[PDB]
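The structure under discussion appears below in the form of structure tokens.
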Amino acid sequence: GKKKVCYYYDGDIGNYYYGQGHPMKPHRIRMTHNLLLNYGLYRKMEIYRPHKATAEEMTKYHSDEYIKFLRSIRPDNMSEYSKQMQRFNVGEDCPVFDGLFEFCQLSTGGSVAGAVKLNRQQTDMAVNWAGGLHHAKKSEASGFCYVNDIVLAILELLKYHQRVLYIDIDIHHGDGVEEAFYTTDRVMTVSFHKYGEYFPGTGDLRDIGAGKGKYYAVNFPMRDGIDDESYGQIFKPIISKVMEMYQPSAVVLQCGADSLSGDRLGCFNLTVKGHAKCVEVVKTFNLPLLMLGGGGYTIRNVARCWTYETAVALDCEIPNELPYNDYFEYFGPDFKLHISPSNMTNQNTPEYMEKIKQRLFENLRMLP
Ligand SMILES: CCC(O)(O)CCCCC[C@H](NC(=O)[C@H]1CC12CCN(C)CC2)c1nc(-c2ccc3nc(C)ccc3c2)c[nH]1
Ligand SMILES: [Ca+2]
Ligand SMILES: [Ca+2]
Ligand SMILES: [Zn+2]
């Protein structure tokens, strides 16, 4: 039936700025919030302002030196940290910007607070669109991510859940999360991503985990142009088999919107309905679920996507005609919620999709 949904948002999140020309735009979180408020989606959700996660909470995964660096570096003192900046990969993709640490604290706070709420059985679903920063490593920033809120949220869920399933539908491989849990069977990581001449270069079909974690990392490598039909045909069968074999007690779903058609950095062809079908599939298993954001670089489409996925979480039908909102002009020329796919060729033939699915099924047969 219909579930209780808790949503995490801090009104200051949209003011963090990565710099001119940087594709990562925290303002998309504020556009999402304003659109979902104007659709009236606040009437059915408990809205919470996340606390600022402490350096101590972040060191449950990240190194003390790395978190100390993030808490200390500022654009005005960067000159004195050239050595640490290289060591921690702070540069073009992961720049130093005003309020960087506070941005990490808010992104992380939402994810950890959502995990605590789920652990206490006070909600069925927890949503943090500011989270899902899946590339951050133990002592290194990567791919616009500095603190891995997902790993921290999973560590929190592991306090009450023996097995946690992580699913990542961002176009980029969820490498930081996969790496963090690569040698354990208490987390199964499943990533669907573009693979081949594409960041971060990891997520081959043959990367399946190591030691006690062997068979607990699942990667579905895809080519350009995947559409709703093709994605839908492999997502539900894979997730159903993973649910059957692994029997997780909690799920974390990274909803990176850069897998949508027309994304500035992505080359997939999903519509908002095709992307949201993943949320519908996961929600059907009736397990405690933490829904997170991630990529998404055509910001009007990210706001549409996450507003629709919040409506999906709430089992609320919302009209295609967009309500008036603070960013109404960004949704022209149509002013509709749903998007059309492009004429791009789907390089993922039906035979390729079935072959990769069958290889993943062989690996899933190896679970106990
Ligand atoms: C939030 C989750 C997520 O969606 O998975 C994150 C995606 C991260 C993508 C990172 C990717 N990085 C890369 O491909 C790494 C090899 C390089 C080195 C750095 N240059 C700037 C780009 C090539 C990349 N970087 C860019 C890019 C494009 C334009 C930029 N423009 C500016 C001004 C600054 C940084 C810029 C970075 C595109 N692709
Ligand atoms: Ca992914
Ligand atoms: Ca694992
Ligand atoms: Zn991405």
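By order in the structure tokens, chains are A, B, ...; within a chain, residues start at 1; ligands start at 1, following the order shown.
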
Tell me, as a CSV table (one decimal) with N, CA and C atoms, in the first residue's frame, which residues lie within 6 Å of range 273-290 of chain A, counting only C-alpha atoms; anything in the same chain fewer than 6 positions away does not count.
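Saved the output as part27.csv:
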```csv
chain,number,residue,atom,x,y,z
A,124,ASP,N,8.9,4.6,5.7
A,124,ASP,CA,9.0,3.5,4.7
A,124,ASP,C,10.1,3.9,3.7
A,125,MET,N,10.1,5.2,3.3
A,125,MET,CA,11.0,5.8,2.3
A,125,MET,C,11.6,7.1,2.8
A,126,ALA,N,12.8,7.3,2.5
A,126,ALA,CA,13.5,8.6,2.9
A,126,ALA,C,14.1,9.1,1.6
A,127,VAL,N,14.0,10.4,1.3
A,127,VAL,CA,14.5,11.0,0.0
A,127,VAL,C,15.4,12.1,0.3
A,228,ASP,N,13.8,3.7,-23.0
A,228,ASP,CA,12.9,3.1,-22.0
A,228,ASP,C,12.7,1.6,-22.1
A,250,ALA,N,17.1,-3.8,3.5
A,250,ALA,CA,17.0,-2.3,3.2
A,250,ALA,C,17.7,-2.1,1.8
A,251,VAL,N,17.2,-1.0,1.2
A,251,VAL,CA,17.7,-0.7,-0.2
A,251,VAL,C,18.0,0.8,-0.3
A,252,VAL,N,19.1,1.1,-1.0
A,252,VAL,CA,19.5,2.5,-1.3
A,252,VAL,C,19.5,2.6,-2.8
A,309,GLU,N,9.7,11.4,-9.6
A,309,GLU,CA,10.1,10.3,-8.7
A,309,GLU,C,9.7,10.5,-7.3
```

If you run DSSP on this backbone, which residues of range 23-268 of chain A come out as helix (DSSP H, G or I), and could you give them as a PyMOL selection string?
chain A and resi 27-38+41-44+55-58+64-72+78-87+100-119+149-157+175-180+211-213+228-246+257-259

Selected residue of minimal separation from residue 233 in chain A among A:35, A:12, A:75, A:357, counting only C-alpha atoms:
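Of A:35, A:12, A:75, A:357, the one nearest residue 233 in chain A, counting only C-alpha atoms, is A:357.
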
Give the answer as one residue: which of A:68, A:28, A:60, A:194 has the shortest atom-to-atom distance to residue 171 in chain A, using only C-alpha atoms?
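That would be A:194, the residue with the smallest distance to residue 171 in chain A.
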
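Here the residues within range 81-173 of chain A that DSSP labels strand (DSSP E or B) on the basis of the backbone are residues 125, 126, 127, 128, 137, 140, 142, 145, 164, 165, 166, 167 and 168 of chain A.
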
Selected residues written out with N, CA, C and O atoms, as a short mmCIF file (atom, residue, chain, number, x, y, z; two decimals), in the first residue's frame:
```cif
data_model
loop_
_atom_site.label_atom_id
_atom_site.label_comp_id
_atom_site.auth_asym_id
_atom_site.auth_seq_id
_atom_site.Cartn_x
_atom_site.Cartn_y
_atom_site.Cartn_z
N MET A 125 10.07 5.23 3.31
CA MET A 125 11.00 5.78 2.34
C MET A 125 11.59 7.09 2.84
O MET A 125 10.89 7.88 3.48
N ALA A 126 12.85 7.34 2.54
CA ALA A 126 13.51 8.59 2.91
C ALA A 126 14.13 9.10 1.61
O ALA A 126 14.69 8.30 0.87
N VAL A 127 13.98 10.41 1.30
CA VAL A 127 14.46 10.99 0.03
C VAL A 127 15.44 12.11 0.32
O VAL A 127 15.13 13.01 1.12
N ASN A 128 16.62 12.08 -0.34
CA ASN A 128 17.58 13.15 -0.17
C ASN A 128 18.13 13.45 -1.57
O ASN A 128 19.11 12.82 -1.99
N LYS A 137 35.99 8.84 -2.68
CA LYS A 137 36.75 7.73 -2.14
C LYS A 137 37.17 8.02 -0.70
O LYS A 137 37.03 9.15 -0.22
N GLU A 140 40.03 10.68 -1.15
CA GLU A 140 40.12 11.36 -2.41
C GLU A 140 38.77 11.82 -2.94
O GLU A 140 37.81 11.05 -2.91
N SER A 142 36.43 12.87 -6.18
CA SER A 142 36.38 12.36 -7.55
C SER A 142 35.04 12.69 -8.18
O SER A 142 34.01 12.59 -7.50
N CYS A 145 32.33 14.81 -6.59
CA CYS A 145 31.98 14.28 -5.27
C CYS A 145 33.15 14.42 -4.31
O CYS A 145 34.28 14.05 -4.66
N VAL A 164 22.32 -5.08 2.86
CA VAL A 164 21.78 -3.87 2.26
C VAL A 164 22.05 -3.93 0.75
O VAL A 164 23.17 -4.25 0.34
N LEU A 165 21.04 -3.62 -0.05
CA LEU A 165 21.20 -3.64 -1.51
C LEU A 165 21.33 -2.19 -1.98
O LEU A 165 20.49 -1.35 -1.65
N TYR A 166 22.37 -1.91 -2.74
CA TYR A 166 22.59 -0.59 -3.33
C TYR A 166 22.35 -0.71 -4.84
O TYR A 166 22.97 -1.58 -5.47
N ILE A 167 21.51 0.16 -5.43
CA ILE A 167 21.21 0.15 -6.88
C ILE A 167 21.52 1.54 -7.42
O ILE A 167 21.08 2.54 -6.84
N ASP A 168 22.29 1.60 -8.51
CA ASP A 168 22.72 2.90 -9.03
C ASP A 168 22.33 3.04 -10.50
O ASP A 168 22.88 2.31 -11.34
#
```

Could you list, with a cut-off of 10 Å and counting only C-alpha atoms and all ligand atoms, the residues of chain A near ligand 3, each shown with its nearest atom pair and the distance in Å rounded to one decimal, rows sorted by chain and ascending number, as a tab-separated table?
```
residue	atom	partner	partner_atom_place_in_ligand_line	distance
A:164	CA	ligand 3	1 (Ca)	9.5
A:165	CA	ligand 3	1 (Ca)	9.0
A:166	CA	ligand 3	1 (Ca)	9.1
A:177	CA	ligand 3	1 (Ca)	8.8
A:178	CA	ligand 3	1 (Ca)	6.4
A:179	CA	ligand 3	1 (Ca)	8.0
A:180	CA	ligand 3	1 (Ca)	8.0
A:181	CA	ligand 3	1 (Ca)	4.5
A:182	CA	ligand 3	1 (Ca)	4.3
A:183	CA	ligand 3	1 (Ca)	5.9
A:184	CA	ligand 3	1 (Ca)	5.0
A:185	CA	ligand 3	1 (Ca)	5.4
A:186	CA	ligand 3	1 (Ca)	6.9
A:187	CA	ligand 3	1 (Ca)	4.9
A:188	CA	ligand 3	1 (Ca)	4.5
A:189	CA	ligand 3	1 (Ca)	5.6
A:190	CA	ligand 3	1 (Ca)	8.9
A:208	CA	ligand 3	1 (Ca)	8.3
A:209	CA	ligand 3	1 (Ca)	6.0
A:210	CA	ligand 3	1 (Ca)	8.2
A:211	CA	ligand 3	1 (Ca)	9.7
A:212	CA	ligand 3	1 (Ca)	8.3
A:213	CA	ligand 3	1 (Ca)	4.8
A:214	CA	ligand 3	1 (Ca)	7.4
A:215	CA	ligand 3	1 (Ca)	7.7
A:216	CA	ligand 3	1 (Ca)	4.3
A:217	CA	ligand 3	1 (Ca)	4.9
A:218	CA	ligand 3	1 (Ca)	8.5
```

Give me, as a PDB file with N, CA and C atoms, in the first residue's frame, all polymer residues having an atom no more than 12 Å from residue 65 in chain A, counting only C-alpha atoms and skipping those fewer than 6 positions away in the same chain.
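selection17.pdb written:
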```pdb
ATOM      1  N   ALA A  55      32.503  16.388  11.005  1.00  0.00           N
ATOM      2  CA  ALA A  55      33.734  15.777  10.475  1.00  0.00           C
ATOM      3  C   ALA A  55      33.887  14.354  11.035  1.00  0.00           C
ATOM      4  N   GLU A  56      33.494  14.167  12.298  1.00  0.00           N
ATOM      5  CA  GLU A  56      33.478  12.906  13.017  1.00  0.00           C
ATOM      6  C   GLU A  56      32.542  11.880  12.351  1.00  0.00           C
ATOM      7  N   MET A  58      31.631  11.902   9.215  1.00  0.00           N
ATOM      8  CA  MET A  58      32.254  11.620   7.924  1.00  0.00           C
ATOM      9  C   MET A  58      33.453  10.680   8.058  1.00  0.00           C
ATOM     10  N   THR A  59      34.168  10.744   9.206  1.00  0.00           N
ATOM     11  CA  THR A  59      35.323   9.855   9.385  1.00  0.00           C
ATOM     12  C   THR A  59      34.920   8.428   9.728  1.00  0.00           C
ATOM     13  N   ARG A  71      37.591  20.483   5.555  1.00  0.00           N
ATOM     14  CA  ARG A  71      37.115  21.448   6.559  1.00  0.00           C
ATOM     15  C   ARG A  71      37.984  22.720   6.612  1.00  0.00           C
ATOM     16  N   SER A  72      39.240  22.648   6.134  1.00  0.00           N
ATOM     17  CA  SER A  72      40.205  23.755   6.173  1.00  0.00           C
ATOM     18  C   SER A  72      40.376  24.566   4.892  1.00  0.00           C
ATOM     19  N   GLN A  84      48.407  19.096  -0.752  1.00  0.00           N
ATOM     20  CA  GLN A  84      47.235  18.325  -0.362  1.00  0.00           C
ATOM     21  C   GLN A  84      46.182  18.295  -1.454  1.00  0.00           C
ATOM     22  N   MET A  85      46.038  19.373  -2.235  1.00  0.00           N
ATOM     23  CA  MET A  85      45.068  19.406  -3.329  1.00  0.00           C
ATOM     24  C   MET A  85      45.374  18.321  -4.364  1.00  0.00           C
ATOM     25  N   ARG A  87      47.156  15.513  -3.802  1.00  0.00           N
ATOM     26  CA  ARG A  87      46.998  14.256  -3.096  1.00  0.00           C
ATOM     27  C   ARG A  87      45.518  13.827  -3.012  1.00  0.00           C
ATOM     28  N   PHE A  88      44.646  14.797  -2.781  1.00  0.00           N
ATOM     29  CA  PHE A  88      43.214  14.529  -2.620  1.00  0.00           C
ATOM     30  C   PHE A  88      42.365  14.743  -3.881  1.00  0.00           C
ATOM     31  N   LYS A 138      37.712   7.026   0.006  1.00  0.00           N
ATOM     32  CA  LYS A 138      38.142   7.194   1.396  1.00  0.00           C
ATOM     33  C   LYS A 138      39.031   8.441   1.631  1.00  0.00           C
ATOM     34  N   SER A 139      40.043   8.658   0.779  1.00  0.00           N
ATOM     35  CA  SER A 139      40.927   9.819   0.933  1.00  0.00           C
ATOM     36  C   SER A 139      41.100  10.581  -0.361  1.00  0.00           C
ATOM     37  N   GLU A 140      40.029  10.678  -1.152  1.00  0.00           N
ATOM     38  CA  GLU A 140      40.115  11.364  -2.415  1.00  0.00           C
ATOM     39  C   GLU A 140      38.770  11.821  -2.937  1.00  0.00           C
TER      40      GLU A 140
END
```

Please check which protein, DNA or RNA residues sit within 7 Å of ligand 4, counting only C-alpha atoms and all ligand atoms, and write them as number ranges by chain.
A: 170-172, 256, 258, 294-296

Using only C-alpha atoms, determine which residues lie at most 9 Å from residue 246 in chain A, disregarding the query and same-chain residues fewer than 3 positions distant; provide the list as a list in words.
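Selected residues are residues 163, 165, 188, 216, 241, 242, 243, 364, 367 and 368 of chain A.
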
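If you look at atom 33 (C, counted along the ligand's line) of ligand 1 and CA of residue 300 in chain A, they are 19.7 Å away from each other.
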
List the spatial neighbours of range 14-21 of chain A as a list in words - criterion: any atom at most 6 Å away, only C-alpha atoms, same-chain residues fewer than 4 positions off excluded.
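With the cut-off at 6 Å, the set is residues 26, 27, 30 and 97 of chain A.
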
Export of the given selection (N, CA and C atoms) as a CSV table (one decimal), in the first residue's frame:
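Final output, saved to selection-v2.csv:
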```csv
chain,number,residue,atom,x,y,z
A,26,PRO,N,24.1,22.8,-7.9
A,26,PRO,CA,23.3,22.6,-6.8
A,26,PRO,C,21.9,23.3,-6.8
A,27,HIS,N,21.8,24.3,-7.6
A,27,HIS,CA,20.6,25.0,-7.9
A,27,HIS,C,19.5,24.1,-8.4
A,30,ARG,N,17.1,23.0,-5.6
A,30,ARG,CA,16.2,24.0,-5.3
A,30,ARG,C,15.0,24.1,-6.4
A,97,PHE,N,35.4,25.6,-3.7
A,97,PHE,CA,34.5,26.7,-3.8
A,97,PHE,C,34.0,27.2,-2.4
```

Ligand 1: which residues are within 10 Å, counting only C-alpha atoms and all ligand atoms, as a PyMOL selection string?
chain A and resi 18-25+91-95+130-136+142-146+168-175+193+197-201+254-259+264-266+293-297

Write out as a PyMOL selection string the residues lying within 10 Å of residue 223 in chain A, counting only C-alpha atoms and excluding same-chain residues fewer than 2 positions away.
chain A and resi 193-196+221+225-226+267-268+346-349+352

Using N, CA, C and O atoms, can you export the residues from the last selection as a tab-separated table (two decimals), in the first residue's frame?
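Listing of again_13.tsv after writing:
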```tsv
chain	number	residue	atom	x	y	z
A	193	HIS	N	25.39	1.33	-16.13
A	193	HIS	CA	26.07	2.56	-16.56
A	193	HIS	C	26.65	2.47	-17.95
A	193	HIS	O	26.85	1.37	-18.46
A	194	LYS	N	26.96	3.62	-18.54
A	194	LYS	CA	27.67	3.64	-19.83
A	194	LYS	C	29.11	3.17	-19.54
A	194	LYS	O	29.73	3.57	-18.56
A	195	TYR	N	29.61	2.26	-20.38
A	195	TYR	CA	30.96	1.72	-20.20
A	195	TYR	C	31.66	1.74	-21.54
A	195	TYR	O	31.09	1.25	-22.51
A	196	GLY	N	32.84	2.33	-21.58
A	196	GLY	CA	33.65	2.45	-22.79
A	196	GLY	C	33.94	3.90	-23.13
A	196	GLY	O	33.02	4.65	-23.49
A	221	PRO	N	27.27	-3.07	-18.05
A	221	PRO	CA	27.86	-2.06	-18.95
A	221	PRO	C	26.99	-1.83	-20.19
A	221	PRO	O	26.57	-2.77	-20.85
A	225	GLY	N	22.79	5.60	-26.20
A	225	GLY	CA	21.43	5.56	-26.71
A	225	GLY	C	20.42	4.61	-26.14
A	225	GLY	O	19.35	4.44	-26.75
A	226	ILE	N	20.67	4.02	-24.95
A	226	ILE	CA	19.67	3.13	-24.35
A	226	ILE	C	18.34	3.86	-24.15
A	226	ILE	O	18.34	5.05	-23.81
A	267	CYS	N	24.90	10.28	-22.54
A	267	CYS	CA	24.53	9.93	-23.89
A	267	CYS	C	23.51	8.77	-23.94
A	267	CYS	O	23.54	7.96	-24.86
A	268	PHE	N	22.62	8.70	-22.94
A	268	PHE	CA	21.51	7.74	-22.90
A	268	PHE	C	20.25	8.45	-23.44
A	268	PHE	O	20.27	9.68	-23.65
A	346	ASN	N	20.09	3.61	-30.69
A	346	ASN	CA	20.33	2.81	-29.51
A	346	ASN	C	21.38	1.79	-29.91
A	346	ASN	O	21.06	0.82	-30.62
A	347	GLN	N	22.61	1.99	-29.48
A	347	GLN	CA	23.69	1.06	-29.79
A	347	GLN	C	23.60	-0.26	-29.01
A	347	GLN	O	24.36	-1.21	-29.30
A	348	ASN	N	22.70	-0.34	-28.04
A	348	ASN	CA	22.50	-1.54	-27.24
A	348	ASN	C	21.46	-2.40	-27.94
A	348	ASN	O	20.24	-2.28	-27.69
A	349	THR	N	21.92	-3.31	-28.82
A	349	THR	CA	20.99	-4.16	-29.53
A	349	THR	C	20.22	-5.07	-28.54
A	349	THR	O	20.74	-5.38	-27.46
A	352	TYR	N	22.48	-7.85	-27.45
A	352	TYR	CA	23.51	-7.45	-26.50
A	352	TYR	C	22.88	-7.38	-25.10
A	352	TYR	O	23.44	-7.90	-24.13
```

Enter the distance from CA of residue 344 in chain A to CA of residue 271 in chain A, in Å, rounded to one decimal.
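Answer for the CA of residue 344 in chain A to CA of residue 271 in chain A separation: 12.9 Å.
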
For residue 339 in chain A, list every protein, DNA or RNA residue within 12 Å, evaluated using only C-alpha atoms, and leave out those in the same chain fewer than 6 positions away; present the list as a list in words.
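What passes the distance filter is residues 228, 260, 261, 262, 263, 269, 270, 271, 272, 273, 274, 275, 300, 301, 302, 303, 304, 305, 308, 320, 321, 331, 332 and 333 of chain A.
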
Could you write out that same residue set with N, CA and C atoms as a PDB file, in the first residue's frame?
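File produced: selection.pdb:
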```
ATOM      1  N   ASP A 228      13.824   3.660 -23.021  1.00  0.00           N
ATOM      2  CA  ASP A 228      12.950   3.116 -21.976  1.00  0.00           C
ATOM      3  C   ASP A 228      12.652   1.642 -22.142  1.00  0.00           C
ATOM      4  N   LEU A 260      19.078  10.508 -18.437  1.00  0.00           N
ATOM      5  CA  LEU A 260      17.949  10.955 -19.237  1.00  0.00           C
ATOM      6  C   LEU A 260      18.430  11.465 -20.592  1.00  0.00           C
ATOM      7  N   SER A 261      17.536  11.381 -21.585  1.00  0.00           N
ATOM      8  CA  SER A 261      17.740  11.937 -22.919  1.00  0.00           C
ATOM      9  C   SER A 261      18.030  13.452 -22.799  1.00  0.00           C
ATOM     10  N   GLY A 262      18.968  13.953 -23.593  1.00  0.00           N
ATOM     11  CA  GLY A 262      19.300  15.373 -23.599  1.00  0.00           C
ATOM     12  C   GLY A 262      20.205  15.852 -22.488  1.00  0.00           C
ATOM     13  N   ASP A 263      20.755  14.930 -21.674  1.00  0.00           N
ATOM     14  CA  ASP A 263      21.660  15.351 -20.606  1.00  0.00           C
ATOM     15  C   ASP A 263      22.929  15.966 -21.203  1.00  0.00           C
ATOM     16  N   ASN A 269      19.157   7.706 -23.610  1.00  0.00           N
ATOM     17  CA  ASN A 269      17.943   8.254 -24.170  1.00  0.00           C
ATOM     18  C   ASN A 269      16.686   7.901 -23.388  1.00  0.00           C
ATOM     19  N   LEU A 270      16.777   7.871 -22.037  1.00  0.00           N
ATOM     20  CA  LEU A 270      15.608   7.585 -21.231  1.00  0.00           C
ATOM     21  C   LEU A 270      14.717   8.797 -21.105  1.00  0.00           C
ATOM     22  N   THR A 271      13.437   8.561 -20.907  1.00  0.00           N
ATOM     23  CA  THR A 271      12.501   9.639 -20.594  1.00  0.00           C
ATOM     24  C   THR A 271      12.365   9.645 -19.042  1.00  0.00           C
ATOM     25  N   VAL A 272      11.660  10.634 -18.474  1.00  0.00           N
ATOM     26  CA  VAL A 272      11.421  10.680 -17.033  1.00  0.00           C
ATOM     27  C   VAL A 272      10.598   9.425 -16.613  1.00  0.00           C
ATOM     28  N   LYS A 273       9.635   8.994 -17.442  1.00  0.00           N
ATOM     29  CA  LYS A 273       8.848   7.792 -17.146  1.00  0.00           C
ATOM     30  C   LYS A 273       9.728   6.534 -17.113  1.00  0.00           C
ATOM     31  N   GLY A 274      10.648   6.407 -18.061  1.00  0.00           N
ATOM     32  CA  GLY A 274      11.556   5.260 -18.122  1.00  0.00           C
ATOM     33  C   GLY A 274      12.488   5.216 -16.925  1.00  0.00           C
ATOM     34  N   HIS A 275      12.985   6.394 -16.508  1.00  0.00           N
ATOM     35  CA  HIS A 275      13.871   6.492 -15.363  1.00  0.00           C
ATOM     36  C   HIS A 275      13.054   6.144 -14.101  1.00  0.00           C
ATOM     37  N   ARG A 300      16.676  21.592 -16.076  1.00  0.00           N
ATOM     38  CA  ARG A 300      15.204  21.546 -16.148  1.00  0.00           C
ATOM     39  C   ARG A 300      14.714  20.061 -16.139  1.00  0.00           C
ATOM     40  N   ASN A 301      15.504  19.153 -16.763  1.00  0.00           N
ATOM     41  CA  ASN A 301      15.135  17.748 -16.800  1.00  0.00           C
ATOM     42  C   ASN A 301      15.379  17.046 -15.477  1.00  0.00           C
ATOM     43  N   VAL A 302      16.377  17.480 -14.716  1.00  0.00           N
ATOM     44  CA  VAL A 302      16.649  16.925 -13.402  1.00  0.00           C
ATOM     45  C   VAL A 302      15.468  17.290 -12.485  1.00  0.00           C
ATOM     46  N   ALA A 303      15.008  18.562 -12.525  1.00  0.00           N
ATOM     47  CA  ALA A 303      13.866  18.964 -11.688  1.00  0.00           C
ATOM     48  C   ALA A 303      12.616  18.158 -12.059  1.00  0.00           C
ATOM     49  N   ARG A 304      12.371  17.953 -13.356  1.00  0.00           N
ATOM     50  CA  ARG A 304      11.213  17.163 -13.789  1.00  0.00           C
ATOM     51  C   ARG A 304      11.311  15.728 -13.247  1.00  0.00           C
ATOM     52  N   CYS A 305      12.502  15.140 -13.421  1.00  0.00           N
ATOM     53  CA  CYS A 305      12.763  13.750 -13.052  1.00  0.00           C
ATOM     54  C   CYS A 305      12.547  13.486 -11.567  1.00  0.00           C
ATOM     55  N   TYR A 308       8.937  13.975 -10.395  1.00  0.00           N
ATOM     56  CA  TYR A 308       8.104  12.831 -10.757  1.00  0.00           C
ATOM     57  C   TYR A 308       8.431  11.627  -9.884  1.00  0.00           C
ATOM     58  N   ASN A 320       0.580  16.421 -16.303  1.00  0.00           N
ATOM     59  CA  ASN A 320       1.692  16.720 -17.197  1.00  0.00           C
ATOM     60  C   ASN A 320       1.891  18.245 -17.335  1.00  0.00           C
ATOM     61  N   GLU A 321       0.819  19.028 -17.204  1.00  0.00           N
ATOM     62  CA  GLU A 321       0.926  20.486 -17.301  1.00  0.00           C
ATOM     63  C   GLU A 321       1.652  20.975 -16.030  1.00  0.00           C
ATOM     64  N   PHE A 331      11.402  25.785 -18.070  1.00  0.00           N
ATOM     65  CA  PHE A 331      10.702  24.623 -18.614  1.00  0.00           C
ATOM     66  C   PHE A 331      10.059  24.841 -19.970  1.00  0.00           C
ATOM     67  N   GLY A 332      10.371  25.973 -20.605  1.00  0.00           N
ATOM     68  CA  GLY A 332       9.871  26.217 -21.939  1.00  0.00           C
ATOM     69  C   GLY A 332      10.599  25.326 -22.945  1.00  0.00           C
ATOM     70  N   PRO A 333      10.133  25.278 -24.189  1.00  0.00           N
ATOM     71  CA  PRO A 333       8.949  25.983 -24.727  1.00  0.00           C
ATOM     72  C   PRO A 333       7.620  25.295 -24.449  1.00  0.00           C
TER      73      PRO A 333
END
```

Nearest to ligand 2 among A:328, A:335, A:361, A:192, with distances taken over only C-alpha atoms and all ligand atoms: which residue is it?
A:192

Let me make sure I understand: among A:204, A:315, A:10, A:98, which one has the smallest atom-to-atom distance to ligand 2 if we use only C-alpha atoms and all ligand atoms?
A:204
